[PDB]
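10 protein chains.
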Amino acid sequence: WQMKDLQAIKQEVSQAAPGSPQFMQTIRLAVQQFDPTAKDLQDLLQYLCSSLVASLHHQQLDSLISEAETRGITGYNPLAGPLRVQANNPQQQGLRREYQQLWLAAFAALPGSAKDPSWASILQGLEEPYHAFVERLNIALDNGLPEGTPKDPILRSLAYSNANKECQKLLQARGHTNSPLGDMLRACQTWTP
Amino acid sequence: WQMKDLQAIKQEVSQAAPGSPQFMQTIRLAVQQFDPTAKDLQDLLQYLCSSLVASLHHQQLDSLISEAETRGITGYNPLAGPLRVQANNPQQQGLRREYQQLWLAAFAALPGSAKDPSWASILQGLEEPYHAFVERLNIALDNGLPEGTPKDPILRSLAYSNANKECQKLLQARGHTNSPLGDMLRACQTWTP
Amino acid sequence: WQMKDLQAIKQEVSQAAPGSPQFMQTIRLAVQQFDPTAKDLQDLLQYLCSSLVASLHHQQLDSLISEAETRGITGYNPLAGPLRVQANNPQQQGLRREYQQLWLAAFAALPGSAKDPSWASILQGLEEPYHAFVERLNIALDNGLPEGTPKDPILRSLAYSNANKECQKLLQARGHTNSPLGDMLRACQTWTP
Amino acid sequence: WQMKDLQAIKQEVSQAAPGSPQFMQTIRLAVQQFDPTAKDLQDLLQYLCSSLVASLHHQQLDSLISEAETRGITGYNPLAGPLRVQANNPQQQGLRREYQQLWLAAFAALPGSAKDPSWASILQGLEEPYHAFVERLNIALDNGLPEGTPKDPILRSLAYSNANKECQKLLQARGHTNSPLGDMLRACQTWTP
Amino acid sequence: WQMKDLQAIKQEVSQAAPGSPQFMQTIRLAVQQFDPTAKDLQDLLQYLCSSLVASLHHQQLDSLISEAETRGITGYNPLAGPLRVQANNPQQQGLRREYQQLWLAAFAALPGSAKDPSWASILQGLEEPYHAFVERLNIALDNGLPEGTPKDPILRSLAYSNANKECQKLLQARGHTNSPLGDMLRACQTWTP
Amino acid sequence: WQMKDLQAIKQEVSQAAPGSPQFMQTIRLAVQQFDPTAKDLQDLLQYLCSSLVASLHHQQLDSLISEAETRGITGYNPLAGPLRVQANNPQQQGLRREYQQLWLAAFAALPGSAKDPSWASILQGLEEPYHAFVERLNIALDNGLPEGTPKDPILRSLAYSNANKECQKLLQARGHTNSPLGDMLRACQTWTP
Amino acid sequence: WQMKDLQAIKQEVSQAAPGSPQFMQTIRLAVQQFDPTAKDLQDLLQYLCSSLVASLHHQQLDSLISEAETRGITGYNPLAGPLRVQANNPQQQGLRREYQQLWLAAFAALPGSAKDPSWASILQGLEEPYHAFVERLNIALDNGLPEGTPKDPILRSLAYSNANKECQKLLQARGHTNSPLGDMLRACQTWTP
Amino acid sequence: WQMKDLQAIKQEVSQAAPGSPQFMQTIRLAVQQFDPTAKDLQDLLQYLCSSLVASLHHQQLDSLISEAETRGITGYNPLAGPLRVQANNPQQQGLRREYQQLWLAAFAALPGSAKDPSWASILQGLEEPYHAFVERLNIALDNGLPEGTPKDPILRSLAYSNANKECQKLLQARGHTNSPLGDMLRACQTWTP
Amino acid sequence: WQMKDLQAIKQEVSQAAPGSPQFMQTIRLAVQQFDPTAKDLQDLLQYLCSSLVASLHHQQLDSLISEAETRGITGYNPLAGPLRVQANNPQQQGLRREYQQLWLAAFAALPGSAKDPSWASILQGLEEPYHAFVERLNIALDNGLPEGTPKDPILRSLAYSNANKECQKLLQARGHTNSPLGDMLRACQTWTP
Amino acid sequence: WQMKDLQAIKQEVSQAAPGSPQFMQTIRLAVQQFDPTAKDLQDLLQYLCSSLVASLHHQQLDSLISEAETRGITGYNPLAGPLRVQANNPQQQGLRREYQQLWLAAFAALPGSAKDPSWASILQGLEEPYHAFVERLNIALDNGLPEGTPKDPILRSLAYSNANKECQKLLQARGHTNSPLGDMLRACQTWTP
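Residue numbers (PDB author numbering), protein chains in the order written: chain D, 15 to 207; chain Z, 15 to 207; chain C, 15 to 207; chain R, 15 to 207; chain L, 15 to 207; chain Y, 15 to 207; chain S, 15 to 207; chain V, 15 to 207; chain E, 15 to 207; chain G, 15 to 207.
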């Protein structure tokens with residue numbers, strides 16, 4: 015990398031928790047365009063991820079690397095040390111690609127195995143209007159939910175469970191709790207604090 | 015590309031759904047100035063487009079490529095593999111140009127075949143004034159409507175269908191529902207919540 | 015050009031309609047500093063201008079080029095094809111300069127032949143104060159009025175025609191309708207909604 | 015120059031009228047660091063200055079150049095054409111320096127000979143507080159007043175002449191009209207709309 | 015010089031402030047006609063300007079000479095004494111001209127850097143008619159104000175600022191506290207002590 | 015330097031008066047990383063500092079250079095001209111370092127000898143709350159107070175002398191005038207306009 | 015380094031006190047990507063850290079270096095001078111790495127030995143709502159708390175000790191003082207000023 | 015030195031704080047006249063300043079010496095002992111001068127880094143006239159305050175801050191809590207115990 | 015050394031503060047018996063007392079080392095490394111002796127540098143008898159004072175200063191506030207809460 | 015020189031302001047007796063008086079040096095260095111004489127350049143007797159006036175201007191406001207508060 019590019023990656027990523035679609039998109043573009051080694055990837059992780067979530071990433075990545083080594087990974091000679099060191103070798107292109115892929119995949123479980131994430135704590139304000147609440151909760155889900163998620167059902171349920179205390183009654187009153195998101199958007203259009 | 019240029023393209027595009035005039039302008043400038051291959055275009059798509067809309071882009075692009083191959087596309091030898099791989103070849107300039115053109119054209123159907131887009135959900139606020147609503151809805155249409163659209167009739171209709179609940183009566187009261195946009199702009203100038 | 019420079023030109027120009035002094039200044043600086051060919055100018059136009067106003071620019075530019083070719087333009091051999099192609103030739107510096115000049119001059123008629131522009135739709139708010147309205151309307155005129163305009167008379171008239179509904183009476187009440195802009199600025203200083 | 019540097023100069027200068035200390039500082043740094051010719055200076059003027067104030071700059075610069083040529087200017091041979099062309103010659107360093115100095119000095123009279131400038135139209139709002147008014151008027155003077163000005167007396171007088179309609183009485187009531195600026199700042203601290 | 019010429023210069027200048035346009039005209043004419051060296055200029059400065067103003071002008075001239083020698087006078091070598099010593103040499107004519115120019119330019123910064131100038135302290139007399147007061151203000155400002163600084167806005171502000179308190183009240187009643195100079199001249203005509 | 019770096023230095027410095035810790039930090043980094051000559055330092059000063067404070071900087075720097083020359087400064091041969099010119103010589107590295115150090119030290123007295131600075135004019139608003147006032151006054155002191163200052167006592171005194179008119183009584187009422195800053199922060203937590 | 019990169023590091027770090035996770039992440043990335051010497055590290059410290067906290071950093075770093083030298087540090091020959099000078103040597107890569115590590119570790123004690131930090135002075139506003147207070151206090155802790163901290167207990171306690179004066183009673187009233195942070199977040203959701 | 019010279023230095027300095035302008039004047043004169051080595055300077059520091067102030071000055075001097083040796087003294091080689099040892103060598107005169115300069119500069123940072131200084135703790139006596147109190151404040155501040163720091167604003171703040179409570183009330187009634195020093199001197203003249 | 019020896023030493027110093035007479039006795043005996051090197055002394059320092067006190071002792075040891083090195087040491091060769099490194103030599107026993115003496119003497123000024131000391135902050139409980147509090151104060155003095163400090167007057171003052179409020183009233187009524195300590199013990203013998 | 019000589023000189027000037035007749039006498043005697051060089055004179059200047067007055071004296075000395083150098087000096091060789099350097103020569107004794115005369119003459123204009131002078135700001139106390147105030151004013155005049163200033167008329171004016179309000183009323187009732195000073199002394203002989 016270069017320091018400016020790393021700072022740009024951080025600034026683009028800063029609003030997204032590890033494993034989010036925006037996080038993964040930016041990190042995948044970084045890995046593709048810069049082709050980093052294991053040392054560069056470690057520096058990138060330590061600069062982006064906090065100590066706790068970097069440790070969590072390593073806890074998943076070690077399991078992934080153990081899976082790959084036990085099951086056989088192309089170009090890796092076990093006598094030549096571990097995969098982390100063999101990635102740093104400049105003549106091992108394929109092993110470098112495989113280690114980058116494992117590094118990226120280790121980020122998938124960080125939000126998938128996270129406990130009580132921030133997007134679950136998005137409670138609608140006592141006087142915050144529901145139309146802005148939908149957009150705020152969509153933004154929160156886009157920055158804290160893992161890749162491959164079935165986002166729309168969870169959005170549908172969170173539109174009620176985390177709704178305003180009066181909206182909790184209002185949604186049942188108009189009979190739109192189990193309807194799609196647009197139905198509740200139409201239902202709560204008339205609400206005001 | 016370079017990572018900085020890709021990030022700039024994303025930041026310019028971020029407010030526009032795939033296929034919008036701003037989206038298409040920025041992506042066309044990127045393709046012209048950088049002359050990307052199929053791999054670079056795939057990286058650009060995955061970095062910009064979400065997984066769902068990237069999959070939709072591929073679903074349209076495969077149909078476009080099948081049309082081109084069945085109908086005959088210049089410089090493409092079927093024995094040399096598929097068009098995606100032949101684009102990556104550095105000596106195939108014309109095939110690269112044709113694949114870039116097909117890639118750009120595959121974006122036209124993403125908003126054209128999208129279901130219930132965000133610009134349709136632009137409901138005027140209960141106390142939001144109509145003069146600002148016109149500008150907001152124009153901005154929404156400029157970021158979610160496909161290229162080649164007959165925008166002005168749709169703007170004219172959405173000025174009433176999505177208007178304020180009181181404006182829904184007010185526009186009929188002054189008799190300007192079927193008039194051009196400027197007539198409703200003059201009509202609703204006196205409205206206040 | 016380069017993609018970053020084109021994006022900078024767009025961001026500087028984005029608030030100005032084609033043909034405005036700011037638009038023309040930025041585009042003239044771009045043409046001078048980058049010395050673009052016909053292909054580069056076409057890419058610049060398509061990236062900046064929307065499809066409708068790019069088509070309008072071409073409609074004026076074809077007339078300008080026909081005028082130049084019929085009247086005789088230096089360095090252009092008609093047997094060598096059209097002016098657009100001859101501009102792209104790297105050894106034709108003078109023809110390139112002339113085509114760039116024609117391209118820039120084709121932008122003069124886009125606001126000069128536009129119908130009912132946005133700056134005419136600048137109606138003063140029902141409670142918007144007149145002192146801020148003057149600055150807003152000046153900014154609007156600076157971004158939608160063509161080069162070589164007699165701006166000050168039009169500003170003077172628009173200060174009344176588009177004024178606040180109460181200001182429409184107030185300006186006549188103090189007897190400053192036909193006076194210069196400063197006289198109305200002094201006259202409406204005491205107004206409040 | 016380069017297009018990015020010119021755009022940066024414009025963005026730094028955009029809030030200052032020609033001839034202001036900020037304007038002159040940025041333009042002097044540009045001239046020193048880039049060492050422009052007459053053509054580059056003309057492009058810079060046309061890109062920054064509007065048509066009217068560029069014409070005013072030329073009206074003063076022609077007089078300055080006539081003064082220099084009539085009085086004798088080092089390195090200039092009259093048989094070699096005018097000073098503008100001789101500046102563009104790459105082997106005439108000293109004449110280039112002298113023409114740049116004349117170009118910079120031609121900017122001094124643009125605010126010095128301007129009629130009824132914007133900083134004179136800074137009337138205090140009917141409910142705008144005086145403490146913020148002092149800072150606003152200082153900022154206005156810093157962006158519209160020529161170099162070498164005796165700014166503080168003019169600030170002292172404008173603190174009363176352009177003051178709030180009630181402040182026009184209040185300042186005389188506390189007897190601080192002719193006192194320094196700090197005395198009026200202390201005097202109007204207690205005022206409220 | 016000669017004694018008679020210096021005395022005539024002082025009598026022409028005596029009514030004018032140091033750095034004033036009246037001062038600068040006569041002093042520039044004397045410099046042009048007599049071609050004075052550093053010693054002659056120092057004598058003239060001591061004869062015209064007081065010791066304190068002489069010290070301020072020497073400070074300005076030292077700053078200007080330091081800047082010029084840092085940037086490079088055409089013929090000034092860093093040898094054979096400073097620029098003041100080399101100005102006395104008859105052979106080094108160009109150095110003499112450059113010193114004359116810097117010495118003249120040093121005066122122009124005195125009015126712009128003078129603290130609490132006397133031209134702003136001239137107030138309207140209690141029984142003095144407003145016409146006489148504005149004539150006195152014009153006389154003071156057409157001299158005391160620096161070279162080329164806009165004077166008319168300074169009249170339009172200070173004629174109200176420096177007006178008599180009863181005259182200020184009359185201006186307030188007339189509503190011409192910020193009207194042009196002619197309007198304030200007309201408004202205050204009816205005043206009588 | 016380069017124009018972009020100079021503009022960045024200005025934008026970082028723009029909020030800090032000469033001699034402030036932020037000012038000195040940025041200028042010291044500039045001098046270290048760019049290693050400027052006397053001409054470059056003069057251009058930097060003229061571009062950053064206004065004419066008055068640049069003249070003040072020169073007034074202090076001439077005294078500093080006179081001290082260094084009279085007391086003996088390493089590598090400086092008096093026969094080789096002055097220190098300003100000898101700094102510009104590309105083979106005099108040590109003299110260049112010494113002149114840069116003197117230039118930086120000349121900035122220390124600009125706020126240390128300034129009269130009635132802006133941070134002294136930070137009067138608490140009539141309804142501005144004290145908790146925000148503490149932060150505002152801390153920011154003001156960080157941008158207008160010289161290096162090596164005993165900031166905390168002055169902050170402690172200014173928390174009362176410049177406090178709100180009601181806070182002037184409130185602080186004495188709770189008996190925390192002479193206590194540290196945290197004690198007044200606790201004391202005024204309950205205040206409200 | 016380069017001046018632009020140093021300014022970027024400052025702008026990213028500016029909101030974090032020395033030793034904070036964000037501070038340490040940015041500085042570690044800088045050290046890794048730029049590989050600075052002792053002189054470069056000293057310039058970086060003086061440009062980022064204020065004089066007081068730079069002196070504190072040196073007070074800790076001297077102790078760390080004394081520990082390393084007394085206990086034996088690889089590649090350091092005591093006869094070759096001190097570690098600071100030996101780091102600047104371009105052929106001593108390992109000693110440079112060790113000095114950079116010691117420099118980074120000297121930052122750990124700056125917040126760990128700081129007295130009464132700013133994050134402790136985060137008192138909830140008298141009418142500031144608790145939901146925003148939690149986020150504000152989390153941000154404050156993220157910018158003023160040292161690395162390796164047990165942040166969550168301190169957050170839990172500060173949610174009550176620094177809570178609103180009414181919230182100090184409210185939290186005990188609902189019986190959630192000793193419960194985790196989410197329990198108080200649920201408890202104070204209904205509070206309003 | 016000599017014993018008599020050291021005693022005279024102490025008697026001249028005894029009334030002055032460490033780091034004070036009175037302290038610095040005498041100490042710089044002693045350094046200039048006696049040309050002291052490291053041992054002589056250490057003896058003088060032990061004789062004048064107490065053990066605690068000696069430790070603080072040694073901390074400052076260690077920081078300054080570390081910084082200078084990292085950046086490079088003219089004659090200091092990383093050999094033959096540290097800079098303090100090489101200062102005692104009669105041959106290395108330049109090292110002695112550099113050590114003297116750094117040792118002198120170490121004092122100047124003590125008043126700027128001193129916590130809870132005594133000059134700010136001098137309060138107005140209950141029956142002490144305000145003239146005597148302001149004289150005492152001037153005596154304390156003209157010594158205790160560091161070198162070159164602005165003193166007059168500190169008087170204008172602390173003379174009200176450190177005034178007697180009845181005198182503070184008198185200042186409040188006079189409305190001169192932020193008036194210049196002369197205005198507060200005039201206002202408090204009528205006070206009597 | 016051995017681990018058991020250090021453990022016994024720490025058990026001996028478990029109550030004694032750094033600098034306490036018990037602490038100094040056991041540490042002096044350890045240094046005499048085991049003749050530790052500089053590395054051994056640093057390990058013992060890091061094991062006995064916490065990080066803050068270890069850092070303060072490092073500052074004291076650095077001050078003493080600098081002073082002794084400047085003055086002169088028994089077998090010091092500054093060319094052959096610093097004191098902390100030279101003490102780690104089987105040959106340089108005499109310098110190790112002086113380093114051990116300096117290491118112990120650094121503890122002498124450690125309790126005197128303590129802020130808010132606890133060896134004089136022992137307070138009597140509400141129901142605590144006077145003689146028990148006096149005994150605890152005496153024990154804390156013998157266990158927390160710096161070496162050589164006269165304990166009798168401190169005990170005499172603290173027998174009343176730190177006594178219980180009931181004991182304070184008893185002493186004040188008897189007029190025995192400044193009596194000999196035996197008189198405090200006799201007078202309070204008949205009192206018990 | 016010697017340290018004791020400078021200490022005695024400063025004790026002599028302890029009360030005398032820069033430019034006072036006592037100050038000038040003792041400084042002239044010092045210059046005559048010790049025949050100081052330019053470096054010695056600078057050291058004496060820096061030791062006698064503070065930084066601000068030293069800077070003003072440097073400005074005066076620079077003005078005098080420039081004037082004399084332009085006019086001509088006894089043994090001045092401008093090729094052979096400036097005056098401040100040439101005076102530091104065992105050979106150029108005659109130029110050192112002129113530099114000493116200039117150094118003393120720079121003090122002559124120093125008290126005259128003082129702003130808000132204290133030598134004429136001595137005020138009588140409320141209960142202070144008239145003759146004691148007159149004596150103190152006379153002493154302050156003899157100790158603060160510039161050299162050669164007529165003290166008799168100043169004393170005559172200040173005997174009434176600075177007199178106590180009771181003394182002012184006594185003089186006004188007697189009509190002795192502009193009487194000879196002996197008449198003030200005789201008329202106020204019978205009055206005492």
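Even for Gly, the Cβ is constructed at its ideal location relative to N, Cα and C.
Assigned secondary structure, residue i (DSSP; H/G/I helix, E/B strand, else coil)
i: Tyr90/V; result: coil
i: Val27/E; result: coil
i: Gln56/Z; result: helix
Residues near residue i in its chain [Cβ-Cβ closer than 7 Å; skip 5 each side]
i: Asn152/G; result: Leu169
i: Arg42/V; result: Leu118
Contact list for residue i against chain A, beta-carbon separation under 7 Å
i: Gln46/S; result: The chain labelled as chain A is not found among the protein chains of the depicted structure, namely D, Z, C, R, L, Y, S, V, E and G.
Span separating the alpha-carbon of residue i from that of residue j
i: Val99/V; j: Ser28/G; result: 39 Å
i: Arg150/S; j: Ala173/S; result: 11 Å
i: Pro92/G; j: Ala52/L; result: 14 Å
i: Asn178/D; j: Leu137/D; result: 7 Å
i: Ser69/V; j: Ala119/S; result: 24 Å
i: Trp205/E; j: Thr191/E; result: 16 Å
With a cut-off of 8 Å, do at least 3 Cβ pairs link the segment 36–46 of chain R to the segment 51–64 of chain Y? yes
Can you confirm whether the segment 102–121 of chain Z touches the segment 78–87 of chain Z when touching is taken to mean that 3 or more C-beta pairs between the two stretches lie within less than 8 Å? yes
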